[PDB]
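Trainee: below is the sequence, then the experimental coordinates.
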Amino acid sequence: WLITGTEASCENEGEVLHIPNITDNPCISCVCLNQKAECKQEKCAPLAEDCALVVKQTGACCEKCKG
């Protein structure tokens, strides 16, 4: 069957296996863990809440603020 199921497998130990519903978010990436997508998500806390955002990249997950 051309379907691998909901589980993603890889050949390298500790590489990367990006998945939509998983890595769809920049903060979520997978790494070929034990032939499995070692996907983990990153979350950071704000500063001012409405801070001018002194930290932030064009394509970075995390983000700090304060202008």
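Mentor: Arrived safely, thanks for sending. Residues are numbered from 1 along each chain as shown.
Trainee: all strands of the protein, in order?
Mentor: Here the chain has its strands, by DSSP state E, at 28-29, 32-33, 36-37, 40-41.
Trainee: for residue 10, find the nearest of those strands.
Mentor: Across the strands of the chain, residue 10 has its closest neighbour in strand 32-33 (3.5 Å, Cβ to Cβ). Quick note: C-beta positions are derived from backbone N, CA and C, even for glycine.
Trainee: what sits up against stretch 24-35?
Mentor: 8-19, 22-23, 37-43, 59-62 (Cβ atoms under 8 Å, 6 or more residues apart in numbering).
Trainee: please export the C-alpha coordinates of stretch 2-11 as PDB.
Mentor: Only the C-alpha atoms of stretch 2-11 are listed here, as PDB (Å, rounded to 0.1, in the frame of the first residue of the first chain):
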ATOM      1  CA  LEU A   2       1.200   3.500  -0.900                       C
ATOM      2  CA  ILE A   3       0.100   4.700   2.500                       C
ATOM      3  CA  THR A   4       2.500   4.800   5.400                       C
ATOM      4  CA  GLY A   5      -0.100   5.700   8.000                       C
ATOM      5  CA  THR A   6      -0.100   8.500  10.500                       C
ATOM      6  CA  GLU A   7       3.400   7.600  11.500                       C
ATOM      7  CA  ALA A   8       6.400   8.900   9.700                       C
ATOM      8  CA  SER A   9       9.600   6.900   9.400                       C
ATOM      9  CA  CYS A  10      13.100   7.900   8.400                       C
ATOM     10  CA  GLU A  11      16.400   6.100   7.600                       C
END
